[PDB]
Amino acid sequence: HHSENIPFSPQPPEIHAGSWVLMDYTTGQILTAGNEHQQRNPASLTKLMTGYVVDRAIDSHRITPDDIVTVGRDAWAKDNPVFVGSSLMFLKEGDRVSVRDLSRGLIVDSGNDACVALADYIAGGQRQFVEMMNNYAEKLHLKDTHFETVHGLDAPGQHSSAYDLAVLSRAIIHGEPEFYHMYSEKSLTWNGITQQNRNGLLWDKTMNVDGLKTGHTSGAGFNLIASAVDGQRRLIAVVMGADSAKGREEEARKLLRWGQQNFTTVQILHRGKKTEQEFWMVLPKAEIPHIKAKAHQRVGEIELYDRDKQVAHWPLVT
């Protein structure tokens, strides 16, 4: 399924980073969070939004992943100082490439060239694509978020928040199914060059992480967006401003592990003896044995209890 405060929530672990959000997928509920709204430069994480515009372009049928795109000199790292040092798909002017293979270059390689080529194809140009990136931050209520460039390079004005990126990540996971799946592909070969997905957590042999993206912000630490499944439930950990690359891996998997062991996401409501609503909730596992629920329409209300404390309330029907 996809949709204030968690009752009797155990104490959060201490988190060594600037900012953090651990969020539930089904509900969007924050399980824990520190300094989550502080404006911080996202660096390459801007590319989550870039992929999202591509996803939404496919979803509205304006493009298709089979569409054959021609690479302008725009999307070629030779002669563009904007690109040197940065990560690339290594496209050449005159290359004819699928939307799909450009989406893989974006995601798996974090290809800055690929962003430009997708941008020109999708909006007709770089600045119109950023207009769309800002329109989709505004639709999604990313109140701390503003973009300037299609790849996050040469963009000192751009900014986001741990919270906003949690929200954007949930929208990404909830979009086109085969788009999100490309975040889990471990490698891409393009024009004779093979490169590795930079998200180390994908190879973790203790979870099912199909996560998003890692990054770094000149003089503001190390950042991460992971997401993990366990059975029928998904968590999203954003970490920002960790000391070191090893920190953000350990802090992100410390968050997700504490999420996984101590909480569950459950179906409270459905169709029966008590609603018209289906309703899902994030609860501590220790709280599951303590939850109690005390013409066409009707006139009472349902009052959900955890132990002897009411938490939420909805009308009573039939």
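Note that residue numbering follows the sequence shown and begins at 1.
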| query | finding |
| --- | --- |
| Unmodelled deposited residues flanked by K274 on one side and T275 on the other | 10 or more |
| Deposited-sequence gap flanked by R307 and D308 | none |
| Of 299-307 and 13-21, the one with larger mean CA B-factor | 299-307 |
| Stretch with the greater mean C-alpha B-factor as recorded in the entry, comparing 132-140 against 71-79 | 71-79 |
| Residue, from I122, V167, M207, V99, that the PDB entry assigns the highest Cα B-factor | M207 |
| Options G211, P177, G215, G85 - largest CA temperature factor per the record | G85 |
| Chain third (lowest, middle, highest) by recorded CA B-factor, residue given as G247 | highest |
| Third of chain Cα B-factors occupied by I291 | highest |
| Third assignment of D59 from its chain's C-alpha B-factors | middle |
| Third assignment of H270 from its chain's C-alpha B-factors | highest |
| CA B-factor placement of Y52, once the chain's modelled residues are sorted into thirds | lowest |
